[PDB]
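K.L.:
First, the structure itself, so that you have it in front of you.
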Protein chains: 2
Amino acid sequence: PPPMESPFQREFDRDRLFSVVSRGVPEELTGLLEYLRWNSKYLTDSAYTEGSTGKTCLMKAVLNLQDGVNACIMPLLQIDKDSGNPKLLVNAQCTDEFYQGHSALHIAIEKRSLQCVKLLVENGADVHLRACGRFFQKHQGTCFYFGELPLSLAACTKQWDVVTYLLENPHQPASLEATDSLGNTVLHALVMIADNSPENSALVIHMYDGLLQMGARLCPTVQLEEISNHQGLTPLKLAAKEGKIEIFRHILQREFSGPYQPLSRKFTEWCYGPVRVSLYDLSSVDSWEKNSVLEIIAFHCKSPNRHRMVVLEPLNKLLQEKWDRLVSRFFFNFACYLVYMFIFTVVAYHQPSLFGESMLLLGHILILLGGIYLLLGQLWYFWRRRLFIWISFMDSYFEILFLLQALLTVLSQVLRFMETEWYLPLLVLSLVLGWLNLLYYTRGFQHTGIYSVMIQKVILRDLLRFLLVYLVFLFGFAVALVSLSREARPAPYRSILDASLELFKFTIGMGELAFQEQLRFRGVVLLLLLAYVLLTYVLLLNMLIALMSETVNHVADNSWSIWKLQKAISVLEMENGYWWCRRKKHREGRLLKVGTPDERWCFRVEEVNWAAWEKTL
Amino acid sequence: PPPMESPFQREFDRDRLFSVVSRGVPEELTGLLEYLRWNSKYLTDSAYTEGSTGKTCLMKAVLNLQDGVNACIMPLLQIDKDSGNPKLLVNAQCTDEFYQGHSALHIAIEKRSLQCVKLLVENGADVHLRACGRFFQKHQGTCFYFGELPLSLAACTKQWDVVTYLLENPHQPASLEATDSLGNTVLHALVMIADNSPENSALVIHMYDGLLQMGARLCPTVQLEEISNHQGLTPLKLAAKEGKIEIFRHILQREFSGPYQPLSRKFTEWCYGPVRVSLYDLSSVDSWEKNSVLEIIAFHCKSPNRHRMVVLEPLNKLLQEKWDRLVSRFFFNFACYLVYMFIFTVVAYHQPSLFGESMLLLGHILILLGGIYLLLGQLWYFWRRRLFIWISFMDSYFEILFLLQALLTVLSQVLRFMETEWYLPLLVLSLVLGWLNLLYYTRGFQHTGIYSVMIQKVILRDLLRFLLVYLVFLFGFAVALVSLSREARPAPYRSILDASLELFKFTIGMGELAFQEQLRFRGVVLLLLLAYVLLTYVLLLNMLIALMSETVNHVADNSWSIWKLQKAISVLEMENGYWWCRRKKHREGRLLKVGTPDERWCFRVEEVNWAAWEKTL
Ligand SMILES: C=C(C)[C@@H]1CCC(C)=C[C@H]1c1c(O)cc(CCCCC)cc1O
Ligand SMILES: C=C(C)[C@@H]1CCC(C)=C[C@H]1c1c(O)cc(CCCCC)cc1O
């Protein structure tokens, strides 16, 4: 990409004007103006910009600032005012793919100079110009997405007085409910620029609260937190989706006092010594609405801090009371699945060769009904999550296996109907997958669920890479053993499968090595087996030590948070009912008149904290 | 539960009075008083309270305070004084199950306002009213147990001047030796509200010492630390029972100087450079009394800090000299049990088929006598601990096994008397349990006892959850292997027991997998065995890594403290003698005249500390 400003890199005439404005002498510009009258030219023509981007001369003026001061910018406004052009200069943007839309007010705000932005919009510059280049889009290397607006650029770079001036100027008041070409307003942009660093979280929380208060002062009828982008997300939902937790935590529990009391969510109902009763707001933070923060946290967000967002209140108490409401249906589902797997096990064990036969036919048609029921249920589940199939796959890996087992038992039943003798491996693989999928329902109990999310420390990629190295080793020594044991002076290592088995048996502790005098090269085969044993012993040892050093590092125990996330995913998948009885969901919380006719569907938590009471003591 | 105060939630007329007292304007109340004369009503009637709880208007007055000040509370006292009622208002309580007994003095003290509580009890309010609701009982969610008294509420919320005023007012002096409806006095309540946080421990120690000194000043004849609740526990015993260690540690070793010298327990006998000789008090801190702190720490408390309470003095030296007195009886018991197990082993090994026979009959009747002796001893032990059978089971898990082995050998002897050929598995299981219970007596030696309490890192629940997952795996693949090996083209995996064995043998390193050409689906059975081996290898690896990461975290070594707790449990179970020779216990310590005619059964420790002497240097 071309650089915007470059102190020694080459990109009136063009170079003469660019050098005299890079210095910025206001009298040495004299002699330019009449030169524009003879040729009927303007300052925004393609011969007077950098023809690739379109970076005009005033953009170089606001780029090169003498300590934030430039004496030549208002000369350029006088020249463009009396240059005969219908169109302006300050509204003119670049045209390259990389800096598409990047005006000069963006540079005047970026350089943190109140004087130049004041002298720009006091002399008729636009404040809504969208800098929409690829440099200004997120999730790309060398990028800066600030929200594609001058007010969002002033907000995302901490410049307080430029925000208050841009909202409180008599020339052009910037729309606090404006948008970019992505749909994002300025609070969306503060959410997008946030990280999980503590100081950046403090900066974005500071600018968010201050901008929300100025929205109360300036535009009190509209509500800024209820505006959605082109994906239909409020800034709370955008903070839940893109994984920024600390601004999400700050928005979720927010208490203000006095005139800014209406734009709080954590109203305090009462207190009594150490007990404190708060009334949180469930404005789109519950599963009653279609697209809300619970469904976005569970099924839409792709981030590793996603399991920490169900820890914090009111989401803890909301998910806890939803789970207390639905734990009877969870264990009813588990009992139905246990009955189905008992039918599967008794049908498979008592299977005939290739009254009792009638009862087994009853069992077989019950298996086909249960299989087509689970198959339609899992297909409906994957159709509901059709937008994000990689977010139904990254964590909840049992919804793949329930589908796979149901598909395999339906296919095995139609292979039994179609006479084929290859149905019994499919029915057995279905039975194995069903008894394995029985361990999905261990979430509902506290301690075994905590252990079942604790028993997955060893990373699946960390296993597959070891399987790659071990299969290289086993295959190399397998072809080696068969091609050395091809000749003689039963026969071991006769085929590559039998030698692969006899080399794999060293890993399970059943491997036999001997000085087999049937072979001709018995010393070389014994030395090669010894080399295989030593190499795979070093291999398994290095895997054990490196995996233990990756795990045992005093890292924070996640198992309570991931267990609460798994129960949250389960209760949100369960609240829609089945695929035939689509039930109606409780509007959780009581509707309370709070402040001003603003009635909110509030949900009270009643929490005690002896440490917090004794420090407010 | 209904909220007590709620700033925007709806629960003269009732609403008019409630709003005008929530503001609190004293002149705008005028016009209420005559309205009570015409209808012959009062202020405490059910139409003038919240009819569910009974929250009167003055409770709303003391709830809504203008910075701890309310100008309307004494107007309400004038109205109730001249309202013609026989009964009062300030004594009137709520009547809901949740806030049962919660008067208005409790709110006046809770809001930390000396003015409102002064204007209450200077105008005739009770100070002994028991707030006994379910909100005010402990061990429940959203609860605050402060002791169900106004003085206990002032003490448990750090308010120093309200305590000194409530004890030192000329209107109604609060009884420092009062009680709730549970038996607890105020020092009991300070024990109940304590935690193991350091700052809360400092707060409860500060209020405890100050309240004890004011008990010396106000009520010097009675002793506040000798008052027991309805379970019969002093506050030292309540601190030992409910597990609060730091207030227990502070009460146990307490030194004061000067006029508060009589209410100390750690009197200093002498010092000589680094050696320091102290005279601790054994007022109910020894096993001579029936119910004391040693028997409560060992056999009554249910807490994980229970093993740290035998570390600290004088309990360390007391248990050490008791163990030096009783270690000969401990190893006499161990030698008797070793003789009994040698008789059991020689009788079992030389058992006949289904002089020497007479000697074996002598051995059999010796086994029956030893078995009925151990059975009666363990039944007497479980009858003595009949109140807390879960505290004879949570730590001391050998008293279950001694009972089980004695019961099994008595049952095996009566099955040999009753001719039955099923006696020999019971006698063998008794012999196994007896040789296993021989490892109980390893407590008496220092280093092997420290190792035997060190060799129990792996949690029993952490094993049982792995056993659940592994049994799911083994059962699924067992029915899979038998139903695939049902057909052919000896026979392996013929039954589910034999396949369960041949799959369990992979875990001990003896499992055989081969390309068994007797079977028809030999490739599917080999692939299924390979899948079982890989899955259980990942399973055992995840158990090992997760269990090692749970254990190896630089946690503090408990093994000395739990070894001292095990020796304490042993010496307290041994000091009662056997179930036939119930011996008399030494009153440990010397009776010394200390201060004023207050003779205490003191026990001196003689401890050196080079670090403590050099900082007092
Ligand atoms: C079974 C042996 C002899 C031990 C057993 C335990 C451990 C992990 C070390 C084994 C061992 C190797 O497994 C391999 C070598 C030589 C490395 C070969 C690669 C150049 C030495 C070596 O002591
Ligand atoms: C014996 C093998 C091949 C190694 C030996 C040591 C370690 C713990 C890893 C084993 C192993 C699995 O035990 C399982 C897989 C695949 C996971 C199956 C579940 C999808 C790969 C994988 O390298």
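Residue numbers start at 1 in each chain; chains themselves are named A, B, ... in the order of the structure tokens; ligands are numbered from 1 in the order shown.
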Define the interface residues of chain A facing chain B as those within 7 Å, counting only C-alpha atoms, and report them as a PyMOL selection string.

P.N.:
chain A and resi 269-270+272-273+275+348-349+425+428+432+435-436+448+454-458+508-510+548+552+554+592-594+606-608

K.L.:
Given the selection you just returned, output its residues as a file containing N, CA and C atoms, formatted as a tab-separated table (two decimals), in the first residue's frame.

P.N.:
chain	number	residue	atom	x	y	z
A	269	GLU	N	-32.15	-2.29	44.70
A	269	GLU	CA	-33.44	-2.34	45.37
A	269	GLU	C	-33.29	-2.02	46.85
A	270	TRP	N	-32.45	-2.77	47.57
A	270	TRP	CA	-32.17	-2.39	48.96
A	270	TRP	C	-30.83	-2.94	49.39
A	272	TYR	N	-29.01	-4.47	53.37
A	272	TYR	CA	-29.12	-4.70	54.80
A	272	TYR	C	-27.80	-5.30	55.24
A	273	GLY	N	-26.91	-4.44	55.75
A	273	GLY	CA	-25.58	-4.83	56.14
A	273	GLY	C	-24.82	-5.42	54.98
A	275	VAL	N	-26.08	-7.94	52.96
A	275	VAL	CA	-26.90	-8.39	51.83
A	275	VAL	C	-27.27	-7.16	51.01
A	348	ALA	N	-29.09	-55.52	20.33
A	348	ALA	CA	-27.82	-55.89	19.74
A	348	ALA	C	-27.27	-57.17	20.35
A	349	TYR	N	-27.40	-57.34	21.66
A	349	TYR	CA	-26.82	-58.52	22.31
A	349	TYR	C	-27.59	-59.78	21.96
A	425	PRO	N	-21.91	-54.53	11.51
A	425	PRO	CA	-20.93	-53.50	11.91
A	425	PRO	C	-21.52	-52.12	12.08
A	428	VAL	N	-23.41	-52.12	15.41
A	428	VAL	CA	-22.47	-52.16	16.53
A	428	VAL	C	-21.77	-50.81	16.70
A	432	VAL	N	-21.88	-48.40	20.01
A	432	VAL	CA	-20.69	-47.80	20.61
A	432	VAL	C	-20.85	-46.29	20.71
A	435	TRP	N	-23.47	-45.42	23.50
A	435	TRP	CA	-22.95	-45.48	24.86
A	435	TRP	C	-21.91	-44.40	25.11
A	436	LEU	N	-21.20	-43.96	24.08
A	436	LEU	CA	-20.28	-42.85	24.26
A	436	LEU	C	-21.03	-41.54	24.42
A	448	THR	N	-19.65	-34.33	38.84
A	448	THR	CA	-19.21	-35.11	37.68
A	448	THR	C	-19.20	-34.28	36.41
A	454	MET	N	-13.25	-31.08	33.21
A	454	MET	CA	-11.86	-31.09	33.65
A	454	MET	C	-11.03	-32.18	32.97
A	455	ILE	N	-11.67	-33.19	32.39
A	455	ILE	CA	-10.96	-34.38	31.91
A	455	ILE	C	-10.67	-34.19	30.42
A	456	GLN	N	-10.72	-32.96	29.94
A	456	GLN	CA	-10.39	-32.68	28.55
A	456	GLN	C	-9.24	-31.70	28.43
A	457	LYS	N	-8.20	-31.90	29.23
A	457	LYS	CA	-7.03	-31.02	29.18
A	457	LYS	C	-6.23	-31.26	27.91
A	458	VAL	N	-6.10	-32.51	27.49
A	458	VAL	CA	-5.22	-32.87	26.38
A	458	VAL	C	-5.86	-32.44	25.07
A	508	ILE	N	1.16	-50.67	23.98
A	508	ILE	CA	0.24	-51.12	25.01
A	508	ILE	C	0.88	-52.07	26.01
A	509	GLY	N	2.16	-52.38	25.86
A	509	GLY	CA	2.83	-53.23	26.81
A	509	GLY	C	2.62	-54.70	26.61
A	510	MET	N	2.58	-55.16	25.36
A	510	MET	CA	2.40	-56.57	25.03
A	510	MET	C	3.33	-56.98	23.90
A	548	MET	N	2.55	-32.33	29.81
A	548	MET	CA	2.44	-31.99	31.22
A	548	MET	C	2.98	-30.60	31.50
A	552	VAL	N	0.47	-28.13	33.26
A	552	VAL	CA	0.73	-27.73	34.63
A	552	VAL	C	1.54	-26.44	34.65
A	554	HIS	N	0.06	-23.49	36.60
A	554	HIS	CA	-0.74	-22.67	37.53
A	554	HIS	C	-1.74	-21.78	36.81
A	592	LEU	N	-41.19	-3.33	36.12
A	592	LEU	CA	-41.19	-2.29	37.13
A	592	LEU	C	-41.09	-0.91	36.50
A	593	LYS	N	-41.91	0.01	37.01
A	593	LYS	CA	-41.85	1.41	36.63
A	593	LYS	C	-40.63	2.04	37.28
A	594	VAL	N	-39.64	2.43	36.48
A	594	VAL	CA	-38.39	2.97	36.99
A	594	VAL	C	-38.17	4.35	36.39
A	606	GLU	N	-30.11	-11.07	44.62
A	606	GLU	CA	-30.11	-10.83	46.06
A	606	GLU	C	-28.81	-11.42	46.58
A	607	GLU	N	-27.73	-10.66	46.51
A	607	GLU	CA	-26.42	-11.23	46.76
A	607	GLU	C	-25.80	-10.67	48.02
A	608	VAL	N	-25.11	-11.53	48.76
A	608	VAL	CA	-24.38	-11.14	49.95
A	608	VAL	C	-22.90	-11.18	49.63

K.L.:
Find the residues near region 254-259 of chain A: any atom within 12 Å, counting only C-alpha atoms, skip ones fewer than 5 places away on the same chain, and give them as a PyMOL selection string.

P.N.:
chain A and resi 205+208-210+212-213+216-217+220+247-249+264-269+278-281+313-314+595-596

K.L.:
Need the shell around residue 27 (chain A): protein/DNA/RNA residues with any atom at most 12 Å away, counting only C-alpha atoms. Skip same-chain ones fewer than 5 positions apart. Format as an MDAnalysis selection string?

P.N.:
chainID A and resid 20:21 32:33 71:72 75:76

K.L.:
Limited to C-alpha atoms, could you put the picked residues into a file as an mmCIF file, in the first residue's frame?

P.N.:
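Printed below is result22.cif as written:
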data_model
loop_
_atom_site.group_PDB
_atom_site.id
_atom_site.type_symbol
_atom_site.label_atom_id
_atom_site.label_comp_id
_atom_site.auth_asym_id
_atom_site.auth_seq_id
_atom_site.Cartn_x
_atom_site.Cartn_y
_atom_site.Cartn_z
ATOM 1 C CA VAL A 20 5.634 25.051 0.033
ATOM 2 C CA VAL A 21 2.672 23.673 1.997
ATOM 3 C CA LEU A 32 -0.538 30.271 -6.868
ATOM 4 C CA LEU A 33 -4.027 31.791 -7.036
ATOM 5 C CA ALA A 71 -0.477 28.813 9.354
ATOM 6 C CA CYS A 72 -1.298 27.815 5.781
ATOM 7 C CA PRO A 75 -4.947 30.335 3.054
ATOM 8 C CA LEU A 76 -5.975 27.144 1.251
#

K.L.:
So that I can see what lies close to region 38-48 of chain A, please list as a VMD selection string the residues with an atom at most 7 Å from it, counting only C-alpha atoms and leaving out residues fewer than 5 positions away in the same chain.

P.N.:
chain A and resid 14 56 83 85 89

K.L.:
How would you write, as a ChimeraX atom specification, the set of residues in region 95-282 of chain B that DSSP gives as strand (DSSP E or B)?

P.N.:
/B:267-272,275-281

K.L.:
Pull N, CA, C and O atoms from the residues just selected and write them as a PDB file, in the first residue's frame.

P.N.:
ATOM      1  N   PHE B 267      -1.483 -16.341  80.549  1.00  0.00           N
ATOM      2  CA  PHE B 267      -0.633 -15.658  81.503  1.00  0.00           C
ATOM      3  C   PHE B 267       0.806 -16.081  81.260  1.00  0.00           C
ATOM      4  O   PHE B 267       1.078 -17.251  80.987  1.00  0.00           O
ATOM      5  N   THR B 268       1.724 -15.125  81.340  1.00  0.00           N
ATOM      6  CA  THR B 268       3.136 -15.403  81.112  1.00  0.00           C
ATOM      7  C   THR B 268       3.806 -15.729  82.437  1.00  0.00           C
ATOM      8  O   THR B 268       3.827 -14.893  83.342  1.00  0.00           O
ATOM      9  N   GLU B 269       4.346 -16.945  82.556  1.00  0.00           N
ATOM     10  CA  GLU B 269       5.000 -17.314  83.802  1.00  0.00           C
ATOM     11  C   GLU B 269       6.365 -16.653  83.912  1.00  0.00           C
ATOM     12  O   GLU B 269       6.620 -15.931  84.878  1.00  0.00           O
ATOM     13  N   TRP B 270       7.244 -16.856  82.932  1.00  0.00           N
ATOM     14  CA  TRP B 270       8.501 -16.113  82.938  1.00  0.00           C
ATOM     15  C   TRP B 270       9.064 -16.022  81.533  1.00  0.00           C
ATOM     16  O   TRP B 270       8.455 -16.466  80.560  1.00  0.00           O
ATOM     17  N   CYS B 271      10.242 -15.423  81.444  1.00  0.00           N
ATOM     18  CA  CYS B 271      10.999 -15.407  80.211  1.00  0.00           C
ATOM     19  C   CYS B 271      12.470 -15.363  80.577  1.00  0.00           C
ATOM     20  O   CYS B 271      12.840 -14.914  81.662  1.00  0.00           O
ATOM     21  N   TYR B 272      13.298 -15.863  79.670  1.00  0.00           N
ATOM     22  CA  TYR B 272      14.748 -15.797  79.823  1.00  0.00           C
ATOM     23  C   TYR B 272      15.326 -15.763  78.412  1.00  0.00           C
ATOM     24  O   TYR B 272      15.489 -16.806  77.775  1.00  0.00           O
ATOM     25  N   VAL B 275      13.747 -18.023  75.671  1.00  0.00           N
ATOM     26  CA  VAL B 275      12.754 -18.969  76.168  1.00  0.00           C
ATOM     27  C   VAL B 275      11.662 -18.175  76.871  1.00  0.00           C
ATOM     28  O   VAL B 275      11.917 -17.119  77.459  1.00  0.00           O
ATOM     29  N   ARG B 276      10.422 -18.631  76.737  1.00  0.00           N
ATOM     30  CA  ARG B 276       9.272 -17.929  77.276  1.00  0.00           C
ATOM     31  C   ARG B 276       8.292 -18.973  77.768  1.00  0.00           C
ATOM     32  O   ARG B 276       7.963 -19.910  77.036  1.00  0.00           O
ATOM     33  N   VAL B 277       7.837 -18.821  79.003  1.00  0.00           N
ATOM     34  CA  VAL B 277       7.018 -19.822  79.659  1.00  0.00           C
ATOM     35  C   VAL B 277       5.682 -19.198  79.982  1.00  0.00           C
ATOM     36  O   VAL B 277       5.609 -18.253  80.781  1.00  0.00           O
ATOM     37  N   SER B 278       4.633 -19.740  79.375  1.00  0.00           N
ATOM     38  CA  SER B 278       3.287 -19.209  79.467  1.00  0.00           C
ATOM     39  C   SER B 278       2.396 -20.218  80.167  1.00  0.00           C
ATOM     40  O   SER B 278       2.675 -21.416  80.164  1.00  0.00           O
ATOM     41  N   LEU B 279       1.320 -19.728  80.765  1.00  0.00           N
ATOM     42  CA  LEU B 279       0.408 -20.551  81.547  1.00  0.00           C
ATOM     43  C   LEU B 279      -0.970 -20.457  80.919  1.00  0.00           C
ATOM     44  O   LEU B 279      -1.753 -19.571  81.264  1.00  0.00           O
ATOM     45  N   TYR B 280      -1.272 -21.365  80.002  1.00  0.00           N
ATOM     46  CA  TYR B 280      -2.552 -21.311  79.332  1.00  0.00           C
ATOM     47  C   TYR B 280      -3.658 -21.820  80.241  1.00  0.00           C
ATOM     48  O   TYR B 280      -3.420 -22.516  81.227  1.00  0.00           O
ATOM     49  N   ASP B 281      -4.885 -21.459  79.895  1.00  0.00           N
ATOM     50  CA  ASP B 281      -6.054 -21.841  80.668  1.00  0.00           C
ATOM     51  C   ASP B 281      -6.733 -23.019  79.995  1.00  0.00           C
ATOM     52  O   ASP B 281      -6.966 -23.001  78.784  1.00  0.00           O
TER      53      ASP B 281
END

K.L.:
Using DSSP secondary structure from the backbone, list all alpha helix (DSSP H) positions within region 353-548 of chain B, as a PyMOL selection string.

P.N.:
chain B and resi 356-384+398-417+423-437+446-454+460-484+496-504+522-548
